[PDB]
Asker: 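For reference, the structure I am asking about is given below.
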Amino acid sequence: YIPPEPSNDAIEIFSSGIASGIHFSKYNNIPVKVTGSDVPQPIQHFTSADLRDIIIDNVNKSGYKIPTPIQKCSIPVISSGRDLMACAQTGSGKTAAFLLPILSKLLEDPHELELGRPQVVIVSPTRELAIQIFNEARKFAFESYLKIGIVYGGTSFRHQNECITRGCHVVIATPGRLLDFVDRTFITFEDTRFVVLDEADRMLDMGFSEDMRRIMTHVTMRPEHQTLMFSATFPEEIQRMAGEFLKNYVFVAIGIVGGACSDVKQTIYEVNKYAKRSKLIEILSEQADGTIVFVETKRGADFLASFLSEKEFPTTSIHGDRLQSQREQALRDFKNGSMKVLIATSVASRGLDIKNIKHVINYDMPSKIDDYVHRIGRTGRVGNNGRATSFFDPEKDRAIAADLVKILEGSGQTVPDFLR
RNA sequence: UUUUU
Ligand SMILES: Nc1ncnc2c1ncn2[C@@H]1O[C@H](COP(=O)(O)OP(=O)(O)NP(=O)(O)O)[C@@H](O)[C@H]1O
Ligand SMILES: [Mg+2]
């Protein structure tokens, strides 16, 4: 496919991001928990966290005034050479929480850039999230000698291998296409001093564990390396599995682990399978701009997108059955307003940061409450408000009624009797 | 099922 190359104009490099909301201040009212031995103190300002000036400059140009709770706790820990497990609600700044200190460390204590040997490997559960992280990295490393780069499936192995063999300090990647570059020995980890697993709980779950074990357990892995794990959810059982790959690690949690973001007004409707589509148009007809509808299957996303567009709703979709180029273009169109409605499977439930997403609709409830938390988290980020509407079907979503209630109470939302 | 060479 050969995806479009990223521009270098500071106007584009800094076009990605959401402006802090009116509730930004509410962040410090959130309880903080830290566990571990001699954990460095939390920094209170970007200009007092031992960050290289280049980095701080890019932060100011990115529009940040105050670090968020996880950034305050995470930055000093990473800067200290410590391993980290960080939990913080969706849209609360976790990406910068690990890029700033890592990027800063690359300039502060430089090592020669070898070929096919990255100094930082950041892994992602989805392709679009990989490129998003990739662009934030370019944003924070803007106007420096640092070379980023990204590797992910659905693209021509040649154009990526190309960009990489020019040498990259930081490599963002999805598991599959990385194990490919690795089994073909074009990529090796002798110089990898930072291994970051974004959406870590997902990277370590049944789906990805084997591939993830192989990556981190590779015979080529530099014995001395920091391992950082971040996520808005982290089931205890997965936190135990993570520990095997962490050394004397610090644990930080802002708020309730796996807790939903309190800035998203959540509403749950009791709808039956065949009553869902009219309800959807009912809602979209009332207001359709900036809405993402989450469905259960790939075929379902495509069917619904086609339906909606035949009814005068500028709609596009994203899921695994579309060409990688269509997946990227669909996000493009949603970001610049071309498309007003985005239909998606959980391929877009985690980490995506889209300014236009003003409403999240769970057309189909997910089977796991954690997936619910990430999905509604695509809205109401950075202290801003947001709404999430979910269609609860008694015919099949009884199993998640219990966890949904807890998440609802836990985020200060109202619980409808039918869930009880 | 959804992701993931
Ligand atoms: N300190 C800050 N001040 C203002 N805005 C920020 C700040 N830090 C990050 N942001 C922005 O807010 C959005 C949320 O950051 P992001 O790193 O995607 O959060 P998250 O915690 O990773 N979310 P999720 O991946 O859904 O759990 C991004 O647009 C950032 O640009
Ligand atoms: Mg994230």
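Excluded from the calculations below are hydrogen atoms, water molecules and symmetry mates; all remaining heavy atoms, backbone and side chain alike, are included. In what follows, chains are A, B, ... by sequence order, proteins preceding strands, each numbered from 1.
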Asker: Using 30° and 60° as the class limits, which term best fits the ring planes of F307(A) and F303(A): parallel, tilted or perpendicular?
Answerer: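 It falls in the parallel class, under 30°.
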Asker: Taking salt bridge (charged side-chain N to carboxylate O under 4.0 Å, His left out) as the cut-off, I'd like each qualifying pair that reaches into residues 110-123 of chain A, sequence neighbours left out, listed once.
Answerer: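 Listed by first then second residue: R117(A)-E190(A).
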Asker: Rounded off to whole Å, could you give me the CG-to-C1' distance for the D211(A) and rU4(B) pair?
Answerer: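 Computing the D211(A):CG to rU4(B):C1' distance gives 7 Å.
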Asker: Quick one: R299(A) CZ to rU3(B) P, roughly how many Å, whole number?
Answerer: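 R299(A) atom CZ is separated from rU3(B) atom P by 13 Å.
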Asker: Once the angle between the rings of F418(A) and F392(A) is folded into 0 to 90°, is it parallel (under 30°), tilted (30 to 60°) or perpendicular (over 60°)?
Answerer: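 Taking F392(A) first and then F418(A), their aromatic rings sit tilted (interplane angle of 30° to 60°).
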Asker: At a heavy-atom distance below 4.0 Å, what parts of residues 173-187 of chain A sit against RNA chain B?
Answerer: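 Those residues are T174(A), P175(A), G176(A), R177(A), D180(A).
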Asker: Between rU4(B) atom P and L129(A) atom CG, what is the distance in whole Å?
Answerer: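 Rounding to the nearest Å, CG of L129(A) and P of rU4(B) are 10 Å apart.
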Asker: Which residues in residues 387-396 of chain A have at least one heavy atom lying under 4.0 Å from any atom of RNA chain B?
Answerer: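 None, since no heavy atom is under 4.0 Å.
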Asker: Quick one: salt bridge (charged side-chain N to carboxylate O under 4.0 Å, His left out) pairs with a partner in residues 306-320 of chain A, sequence neighbours left out?
Answerer: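 Qualifying pairs: none.
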Asker: Got a sec? Which of residues 316-327 of chain A come in under 4.0 Å of RNA chain B, heavy atoms?
Answerer: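 Heavy-atom cutoff 4.0 Å gives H319(A), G320(A), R327(A).
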Asker: Whole Å only: how far is the NZ atom of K298(A) from the P atom of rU2(B)?
Answerer: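 Those two atoms, NZ and P, are 5 Å apart.
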Asker: Between P on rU4(B) and CD on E128(A), what's the gap in Å once rounded to a whole number?
Answerer: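 About 7 Å, once rounded to whole Å.
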Asker: So which of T389(A), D289(A), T379(A) actually passes side chain to side chain donor-acceptor pair (under 3.5 Å) with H359(A)?
Answerer: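 Only one option passes, and that is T389(A).
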Asker: Below 4.0 angstrom from OP1 or OP2 of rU3(B), is there any side-chain N or O of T345(A)?
Answerer: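 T345(A) to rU3(B) OP1/OP2: side-chain N or O found under 4.0 Å.
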Asker: By the ring pair (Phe, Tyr, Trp, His ring centres under 6.0 Å) test, which pairs, at least two apart or in different chains, include something from residues 117-175 of chain A?
Answerer: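 Every ring pair (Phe, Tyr, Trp, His ring centres under 6.0 Å) pair that includes a residue of residues 117-175 of chain A, provided the two are not neighbours, is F14(A)-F142(A), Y145(A)-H169(A), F157(A)-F181(A).
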Asker: Checking salt bridge (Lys or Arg N to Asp or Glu O under 4.0 Å) against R350(A), which of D198(A), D201(A), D371(A), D205(A) comes through?
Answerer: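 Exactly one candidate clears the test, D201(A).
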Asker: Is the closest basic N to carboxylate O distance between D109(A) and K105(A) below 4.0 Å?
Answerer: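 Salt bridge between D109(A) and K105(A), a charged N being under 4.0 Å from a carboxylate O: no.
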Asker: Rounded to the nearest 0.5 Å, how far does CZ of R378(A) lie from CG of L352(A)?
Answerer: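 Result: 6.5 Å between the selected atoms.
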Asker: Output the rounded distance in Å from CZ (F208(A)) to P (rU4(B)).
Answerer: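 Those two atoms, CZ and P, are 6 Å apart.
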Asker: Measuring only between side-chain heavy atoms, which start at C-beta, is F186(A) closer than 4.5 Å to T165(A)?
Answerer: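 No; the side chains remain at least 4.5 Å from each other.
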Asker: Does the pair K340(A)/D333(A) count as a salt bridge with the N-to-O cut at 4.0 Å?
Answerer: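 Looking at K340(A) and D333(A), the cut-off is not met.
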Asker: Rounded to whole Å, please give me the gap between CZ in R350(A) and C1' in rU4(B).
Answerer: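 Answer to the nearest Å: 14 Å.
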Asker: What is the distance from CZ of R214(A) to P of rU5(B), rounded to the nearest Å?
Answerer: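 These atoms are roughly 13 Å apart.
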Asker: So, does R127(A) get its side chain near the phosphate of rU5(B), meaning an N or O under 4.0 Å from OP1 or OP2?
Answerer: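 True: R127(A) side-chain N/O within range (under 4.0 Å) of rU5(B) OP1/OP2.
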